[PDB]
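If you want the building blocks of each chain, they are given just below.
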Amino acid sequence: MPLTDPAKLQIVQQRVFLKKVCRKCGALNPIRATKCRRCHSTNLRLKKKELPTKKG
Ligand SMILES: [Zn+2]
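Residues numbered from 1 in each chain as written, not as in the entry; some residues may be left out. Heavy atoms only, no water.

Solution NMR is the method the PDB entry lists for this structure.

Quick look at the structure:
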């Protein structure tokens, strides 16, 4: 991301798991966060992990 840190304790350092975006605000929280840092409503959805080519 535009904020290019060296390596936080997040998925920035080569992870296939994306971040979670609040379905209320659209606030994307770290995979470490338990809930939204906007409304604290625990209403987050992790972005489409997607697939490589086939299922598995
Ligand atoms: Zn929210």
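Next comes the rest of the write-up.
Undergrad: Describe in detail the side chain of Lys 20, supporting the description with residues and values.
TA: The topology assignment puts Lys 20 in strand 1 (residues 20–22). Buried charge without a salt bridge: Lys 20, with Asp 5 as the nearest opposite-charge side chain at an N-O distance of 17 Å. One polar contact links the side chain of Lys 20 to the main-chain carbonyl oxygen of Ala 33, over a distance of 2.6 Å. Once residues within four sequence positions are removed from consideration, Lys 20 is found in contact with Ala 27, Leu 28, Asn 29, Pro 30, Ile 31, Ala 33, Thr 34, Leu 44, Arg 45 and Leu 46. (Helix = DSSP H or I, 4+ residues; strand = E, 2+ residues; numbered from the N terminus. Buried < 20%, exposed > 50% of the residue type's maximum accessible area, 1.4 Å probe, protein only. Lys, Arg positive; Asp, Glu negative; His and termini not counted. Salt bridge = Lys/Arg side-chain N within 4 Å of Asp/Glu carboxyl O. Polar contact = N/O pair within 3.5 Å; in protein donor to acceptor, adjacent residues only side chain to side chain. Contact = heavy atoms within 4.5 Å.)

Undergrad: So, the coordination of the zinc ion: which residues are in play, and what are the values?
TA: Listed as protein donors to the zinc ion are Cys 22 (SG), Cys 25 (SG), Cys 36 (SG) and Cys 39 (SG); their distances from the metal cover 2.3 Å. With four donor atoms in place around the zinc ion and angles of 106 to 113° between them, the coordination shape is tetrahedral. We note that the donor set of the zinc ion lies within a single chain, spaced as C-x2-C-x10-C-x2-C. A residue is classified by how much of its surface remains accessible, and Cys 39, at 33% relative accessible area, is partly exposed. (Donors = N, O, S within 2.8 Å, 3.2 Å for Na, K, Ca; no water. Tetrahedral: all angles 85-135°; square planar, octahedral: opposite > 155°, others 65-115°.)

Undergrad: So, the environment of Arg 38: which residues are in play, and what are the values?
TA: With respect to the helices and strands, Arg 38 occurs in the loop between strand 2 (28–29) and strand 3 (44–46). On the basis of relative accessible area, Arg 38 is assigned to the exposed category, the value being 59%. In the structure, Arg 38 is positioned 14 residues away from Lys 24 in sequence and 9.1 Å away in space, judged by C-alpha atoms. Setting aside anything within four residues of it in sequence, one finds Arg 38 in contact with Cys 25 and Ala 27.

Undergrad: Would you mind going over the sheet that holds strand 1 in detail, with residue names and values included?
TA: One open sheet accounts for three strands, arranged 2-1-3; its pairing is antiparallel. Looking along the sheet, the strands with just one partner apiece sit at the ends: strand 2 and strand 3. Two strands pair when backbone bridges link them, and strand 1 and strand 2 are joined in this way by two bridges, in the antiparallel orientation. Residue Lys 20 lies in a different strand from strand 2, and its bridge partner there is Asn 29. (Pairing = 2+ DSSP bridges.)

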